[PDB]
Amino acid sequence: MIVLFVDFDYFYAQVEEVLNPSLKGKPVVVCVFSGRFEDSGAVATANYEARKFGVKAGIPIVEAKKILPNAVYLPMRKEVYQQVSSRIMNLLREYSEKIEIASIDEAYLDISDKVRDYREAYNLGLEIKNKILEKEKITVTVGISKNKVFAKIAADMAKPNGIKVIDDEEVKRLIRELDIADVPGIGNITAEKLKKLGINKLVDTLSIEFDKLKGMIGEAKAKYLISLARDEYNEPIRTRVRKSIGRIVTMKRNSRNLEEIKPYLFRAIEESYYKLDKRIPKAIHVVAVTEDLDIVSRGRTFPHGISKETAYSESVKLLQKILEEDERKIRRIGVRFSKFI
């Protein structure tokens, strides 16, 4: 099997430059203004010119300005970045019927019925990397290996504007030399938990016995890293059906008074039902972030569809149930819809 991976380079900032080529070369940093005061929020992404001085996703907009107070700070236009992303995807379907859209800047191509050697897979790559540059003027980074994981890891080192093939005996090489936090699916919570058991590379998952591994990171994670250690990561490319749609907004004031959170909640449903459009959910969840950044939610499943009048009605009792069972101020309110028809 041969898997082809596509990670658009700093996709949000790149699109802003395609629409305003003057920015090309300057530190661009796209922001998520929360609104509670001036320059409150997070950085969604920053182009590599701004990445150098440590302007990355996650750090608040304040810190991103003590570092580069003269960079170009633009508000995120996710609706514009989506329209550009779909046009790029609709050019990738021209290379395989079996394609998986992972995220907005990510896609796997199963091209085993279109090539059969990493050399022709490599030669397919640039004809991707340039058809995209030909029609949408965006650079991408492609990775190719024997499964969806190492194709991911390939692009993880090749980016930006990169191309990389990880052959089946570098796969053997990596299992023994790859820091395991750099395995896709292992964030900081579980990376630390692995060091605590002396697991630095993927091979150490077989030297240790199983239930020591399961009880700390979980059964699916354990059976996941275990299958990659023995070079037995199956896993194909299948169309991803969007199973959830929602929106969650941040209040200008921390509060728990219900008639203060009703406006933000009702505005979260108006946008969510627009994002739905012809999709009827059977379940609504009321997500809420606390004043201490914790995450609590209450939901319900209906045997039928939910019309905006029924979502307006349900979301207030789920909201009541939250405040019923916790004493903390609410910082972010939202809603989320699943179980579509």
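In this text, residue numbers run from 1 along the sequence as written.
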Mind pulling up the entry and telling me whether 208-216 or 246-254 has the higher mean Cα temperature factor? 208-216
When mean C-alpha B-factors in the record are compared for 237-245 and 128-136, the larger belongs to 128-136
Looking only at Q82, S227, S103, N123, the Cα with the top B-factor belongs to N123
Highest CA temperature factor in the entry: which of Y95, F150, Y73, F266? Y95
Sorting the chain's modelled residues by C-alpha B-factor, tell me whether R87 ends up in the lowest, middle or highest third. lowest
For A13, return the chain-relative third of its C-alpha B-factor as stated in the PDB record: lowest, middle or highest. lowest
Ranked C-alpha temperature factor of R36 among modelled chain residues, by third: highest
Lowest, middle or highest third - CA B-factor, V30: lowest
Entry-reported Cα temperature factor of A222, expressed as the chain third it lands in: lowest
